[PDB]
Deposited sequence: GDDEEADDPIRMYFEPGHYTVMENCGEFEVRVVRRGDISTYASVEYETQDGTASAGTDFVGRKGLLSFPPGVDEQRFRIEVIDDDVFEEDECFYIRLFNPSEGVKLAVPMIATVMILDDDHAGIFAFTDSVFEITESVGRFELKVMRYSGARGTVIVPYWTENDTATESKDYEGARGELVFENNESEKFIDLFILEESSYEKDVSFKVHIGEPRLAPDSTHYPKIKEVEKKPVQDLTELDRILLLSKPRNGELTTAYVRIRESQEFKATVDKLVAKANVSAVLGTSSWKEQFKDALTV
């Protein structure tokens, strides 16, 4: 009877090259069917973010579905989440066209810095451990080399009594995305804070020279391309402060 698309959308990182897409025939199927497709551009275009492709889908007697990898074009550049479209057409004389014969394909980037934070905003532990590896997690990207100031604080707890006054800076290299602050430390429960400061790209990140040279230009005089470069750079997140509770 008809012949369509299943699944409907495809969400895919820019960094996996080959990726499959799945076509479907329906109703009766005893005969040799067929249909064709074309990779139409969106905010992703053949040549820049995916390599445009056209082809022919043959559904011999018996088979009722077809597959085919499409390719995504990797790069070191920071962009945003774009779409390109694939479109069905020319179904042979038996088979008609049903929903959906146009497929939406999102390309998630990964060349962003980007966002830095803690797991929870309160952590527990006794007081006979006696070091706690607090994790600062890197999300949404790993691109570049980034510093991550950090420091502790007293609350129900005081340095050199409940814990050890700890201060420093975490250095997230390129493709790394989790670092651990090292934290050294009958009833009695107290707690101290611990913050992560303003993430900053480091001089060696292969994009750092470029960035502080644009910040020369007034907001006003920024291209789209230039505008986005500035959207790439790293930042904290919802959890820039944590708490560490110490019972016994």
How would you list, in order, the spans of the deposited sequence that the model does not cover? 1 to 9, 195 to 199, 263 to 298
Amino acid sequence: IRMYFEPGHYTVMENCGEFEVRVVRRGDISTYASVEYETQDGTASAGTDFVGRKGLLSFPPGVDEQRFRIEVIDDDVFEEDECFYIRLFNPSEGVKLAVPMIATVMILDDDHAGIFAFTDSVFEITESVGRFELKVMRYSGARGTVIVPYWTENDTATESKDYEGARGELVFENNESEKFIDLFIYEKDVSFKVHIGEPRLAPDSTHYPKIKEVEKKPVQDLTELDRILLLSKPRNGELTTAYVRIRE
From here on, numbers count along this sequence of modelled residues.
Would you determine, from the values in the PDB entry, which of 137 to 145 and 92 to 100 has the greater average C-alpha temperature factor? 92 to 100
State the tercile, meaning the lowest, middle or highest third, of residue 206 with respect to the CA B-factors recorded for its chain. lowest
So, residue 125's CA B-factor, relative to its chain, sits in which third? The highest
Third assignment of residue 160 from its chain's C-alpha B-factors: middle
Where does residue 47 sit by CA temperature factor within its chain: lowest, middle or highest third? middle
Third of the chain's Cα B-factor distribution that residue 111 belongs to, per the entry: lowest
